[PDB]
C-alpha cells in the first residue's frame, strides 16, 4: 500500500462493497478489535487502522501541530478512505475515534452510512450544566502524573480504564500498548483529547449514530450517552451495556460483542 496506509498499519480483510471501518481509542491500537472482527469478515470488507501516535506507529510521523486538535485525525481517516477507494462505510469508533468519525462525517457525510460509537464522549470536563466525568483539577493531576513518571502512570491507569478484574488479560494488554507510546506523544494526545469540545457541532451531524457504552466506565458517565442522544442532529439510538470498562469489546466480549453486532447489522 501507499505511505499513508503503511504509516497507519492499514489492514483490509475481504472484498465487496459492504465495508466496515474500525477506529480505536487512546492507548490501544487496532488489536482492540480482535474479538469483534471474526464476526464481521464473512459479511463485510473489514478495514483496520491505527491512529498516528499509537505505540505501533512511527514516532517520526507524529506531527505535533497536525494532531493539536481532533481534525488532524479526521483528515487522516478521510485520506485512508479515499486511498482505499471506499465510497461508503459503516464506521465503528471507539472512544476518541467516535468523535474523529463524527468530525470526518461533517466534512464528508457521503462517506458514512452510519456511525457506531463505543465509549464515546464529546466533552470530559464538567461545567455547571454538564457532567463529563472530570473536574479540571482531575486532569491536572493526570498530566502531572504522566509527566512525572509515565511508566508508573501506565501501570496504575490500565486496570482502572479496563475495569473488571485487575489480573485480567485485557489489563495486561492495555498497560503494554499504553506503555509502548512515546511519553511526550502520550502527553500531547492526552491534552488534545481532554481539552476537546465536540458538544457544539453535534447538531450538525447528518449520519445516524448508535451510542454504546459500558454502564460502568471511568471516563464516560451514563448521562454523556443521553447528552449525545439528545443533541446529535440525525437519528440516534442509545444502548447502555451491562459491562464494566472503557474497552469492553476487548475485556468483556461475551456480553459486549453481541450488542455491537446488533447495532452494526441493523438500522434504526
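Residue numbers count along the first chain shown, from 1. For clarity, a rigid core is taken as the largest C-alpha set superposing within 1.5 Å between two forms.
Superposition on the core shows that, in 7 other deposited structures of this protein, the C-alpha atoms drift more in one of 188 to 196 and 100 to 108; this is 188 to 196. Higher mean CA temperature factor, per the PDB entry, when comparing 13 to 21 with 242 to 250: 13 to 21. Here the stretch with the larger average CA B-factor, out of 186 to 194 and 93 to 101, is 186 to 194.
When the C-alpha B factors of 169, 106, 77, 111 are read from the deposited coordinates, the top value falls at 169. Highest C-alpha temperature factor among 81, 145, 162, 117 per the entry: 145.
In this PDB entry, the Cα temperature factor of residue 49 sits in the bottom third of its chain's modelled residues, the lowest group. When the modelled residues of the chain are ordered by C-alpha B-factor, residue 215 sits in the lowest third.
Placement of the Cα temperature factor of residue 131 within the chain: middle third of the modelled residues, per the deposited record. Sort the chain's modelled residues by C-alpha temperature factor and residue 208 lands in the middle third, per the entry. Ranked by C-alpha B-factor against the other modelled residues of its chain, residue 62 falls in the middle third.
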